[PDB]
Amino acid sequence: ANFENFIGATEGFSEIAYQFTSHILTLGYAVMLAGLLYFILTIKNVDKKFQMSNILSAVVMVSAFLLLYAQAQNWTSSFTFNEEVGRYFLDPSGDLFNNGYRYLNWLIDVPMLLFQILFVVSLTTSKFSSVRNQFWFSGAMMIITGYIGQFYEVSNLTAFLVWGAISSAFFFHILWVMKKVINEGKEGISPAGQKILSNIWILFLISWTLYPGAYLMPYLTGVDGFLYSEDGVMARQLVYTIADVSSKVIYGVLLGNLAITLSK
Ligand SMILES: *C\C=C(C)/C=C/C=C(C)/C=C/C1=C(C)CCCC1(C)C
């Protein structure tokens, strides 16, 4: 159904590819647990008016920890070692590699990552509810559309790219609203706070952009290329993990540093 199931059923995964993926996916949820503690223990550092950011971050941590731990458990329990060939192949008796776990974490997270910023920075000419509604509708849509096309990653590479194209449309609209929010939030805050808001915008752009990259990591070097193999799966899962810590944990950390900066 997905690229990881196909490669695991045809050429198979080497011992290092399988060992490396389960390791990156373990490090993935382990830092979410660490992030959950950081946000809980640091709430006393920010004034009451900003604590909504810590709360939102902590709930994202929980969602990330639970679902990413299941994604890892699903990966390891999805392949078995064939001593006769020397590689890990799809196990007909297991439940297969399912991306729905990662895609459900995204759906729960988008509304909270985009909402929490509006609890630290202030808008000027924009309306609070107008920005929030645009963030929730388009953030959900980019995800349900990215999940619809992900079903044809193998079955139909045309629908894979069209759905990913529509999903991107909603994605670039978010970057647009996120840019006005950071421009308005900069007004009336000290130069120190502005610098952090600039770092946040840059981290938001790269981190969220990493996702579509992994969505295409295999079909990047062609239909018979270096990444159209077990290496493309190692790079996709790796890219997801980097974007996962950056867009969820690092992003939330920077917001807290901003809130800390604002109370002076
Ligand atoms: C886990 C938390 C968040 C905010 C995840 C965000 C993920 C993306 C922005 C993914 C975007 C996609 C794009 C742009 C196109 C293909 C489908 C994706 C969902 C991977």
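In what follows, residues are counted from 1 in the order of the sequence shown. Side chains included, hydrogens not; waters and symmetry mates left out as well; all remaining heavy atoms used. Ligands are counted one by one from 1 in listed order, and the atoms in each one are counted from 1 as well.
With respect to atom 19 (C) of ligand 1, the closest heavy atom belonging to the protein is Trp106 CZ3, 3.7 Å. Here the heavy atom of the protein found nearest to atom 10 (C) of ligand 1 is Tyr211 CB, 3.3 Å. If you check which protein heavy atom lies closest to atom 4 (C) of ligand 1, you get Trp208 CZ2, 3.3 Å.
The side-chain tip of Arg132 points at the ring of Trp136 from less than 6.0 angstrom away and within 45° of straight on.
Counting only residues at least two apart or on different chains, no side-chain hydrogen bond (donor to acceptor under 3.5 Å, both in side chains) pair has a member in residues 67-76.
Here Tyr18 and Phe13 keep their ring centres 6.0 angstrom or further from each other. Taking the centre of each ring, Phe119 and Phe115 come in below the 6.0 Å mark.
Between the side chains of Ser122 and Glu184, no donor N or O sits under 3.5 Å from an acceptor N or O.
The distance from ligand 1 to the heavy atoms of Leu113 drops below 4.0 Å at these ligand atoms: 2 (C), 4 (C). The atoms of ligand 1 that sit less than 4.0 Å from any heavy atom of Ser167 are 15 (C), 17 (C). Of all atoms in ligand 1, numbered sequentially from 1 with element shown, those under 4.0 Å from a heavy atom of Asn105 are 1 (C).
Aromatic ring orientation, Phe171 versus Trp208: parallel (interplanar angle below 30°, classes split at 30° and 60°). Taking the six-membered ring where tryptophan is involved, the planes of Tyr219 and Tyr228 are tilted, since the angle between them lies from 30° to 60°.
Neither the backbone nor the side chain of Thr145 has a heavy atom within less than 4.0 Å of ligand 1. By the criterion of a heavy-atom distance under 4.0 Å, the side chain of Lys248, and not its backbone, is placed next to ligand 1.
The option with the heavy atom closest to atom 13 (C) of ligand 1, from among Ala214, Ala243, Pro212, is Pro212.
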